[PDB]
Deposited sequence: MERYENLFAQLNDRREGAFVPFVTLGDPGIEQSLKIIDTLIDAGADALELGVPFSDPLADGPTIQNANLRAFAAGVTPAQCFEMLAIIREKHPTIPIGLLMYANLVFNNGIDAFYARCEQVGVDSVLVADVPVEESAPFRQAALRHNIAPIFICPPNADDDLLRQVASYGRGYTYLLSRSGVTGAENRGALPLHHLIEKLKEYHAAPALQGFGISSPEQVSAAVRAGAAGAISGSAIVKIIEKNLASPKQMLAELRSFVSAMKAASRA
């Protein structure tokens, strides 16, 4: 399919940036997670970034570490995540769905089989956090064979050779890191020159991520030339804060996503 291409074309026709929330599938339970996701979409999410609970999420700060812990407490497995993904796609045919994976979960039982399962359920992209471009060949090849976009991260300081490889190897969107470190809304991350070099090398549209937690950061990213912004920890904190009130959780998620999406206009 071409879901990211269609989205970015639509957004460009509207002079809008993309707002893409991230959540951990199954946090805090399968049913509530499906409700959270429908709420993110109804509130204005242009695309989804979705994590599969993993035992050792070494690119994540405490907020997402704890989302993984909650999902595990509810017994969430990768198989259940794929059942969730199929249901999400069945309800929402055009929204781009990207997975945030750790390598062992993709490699475990066969790289090709993983990408084939993504294609079957209707996922559009996969970002493997701990697979740098240098180790990416089998992953990117399998993704492409199964019509999945392999997503690569561009560090906030990537040199020219790396920009060229990320531009060549990636598809769908380019993940642009706001800063070094790990995920976290508490640490906020000029990316204009990286953004321009990516456009020069015809890279997939950039989505900035890490530390995005306020509307003004969404508008700033877009003004800088990025196609949109991803926000995870700020979203996850709303889940964490409202575990005891599922209804208030959905209301607060709706308010936050609406405000973040509005800033992309």
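Going by the record, the unmodelled stretches of the deposited sequence, in order, are 190 to 191, 268.
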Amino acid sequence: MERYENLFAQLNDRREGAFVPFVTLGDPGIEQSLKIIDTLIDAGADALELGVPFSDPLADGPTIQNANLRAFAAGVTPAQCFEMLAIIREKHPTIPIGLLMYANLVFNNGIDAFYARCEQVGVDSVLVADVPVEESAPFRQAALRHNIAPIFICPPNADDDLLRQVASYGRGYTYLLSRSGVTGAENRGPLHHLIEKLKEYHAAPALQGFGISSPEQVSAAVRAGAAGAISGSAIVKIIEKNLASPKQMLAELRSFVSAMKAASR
From here on, numbers count along this sequence of modelled residues.
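The mean Cα B-factor in the deposited entry runs higher for 162 to 170 than for the other of 162 to 170 and 131 to 139. Just going by the entry, 206 to 214 versus 193 to 201 on mean CA temperature factor gives the higher value to 193 to 201.
Note on the listed residues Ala47, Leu34, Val52, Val222: the highest Cα temperature factor in the record is that of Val222. The maximum CA B-factor among the listed residues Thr183, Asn147, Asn108, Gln80, taken from the PDB record, is found at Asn108. The PDB entry assigns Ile230 a C-alpha temperature factor belonging to the lowest third of its chain's modelled residues.
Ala18: CA B factor in the middle third of modelled residues in this chain (values from the PDB entry). In this PDB entry, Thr94 carries a Cα temperature factor that places it within the middle third of its chain's modelled residues. Per the deposited record, the Cα B-factor of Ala116 falls in the middle third when ranked against the other modelled residues of its chain. Among the modelled residues of the chain, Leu25 sits in the lowest third by CA temperature factor in this PDB entry.
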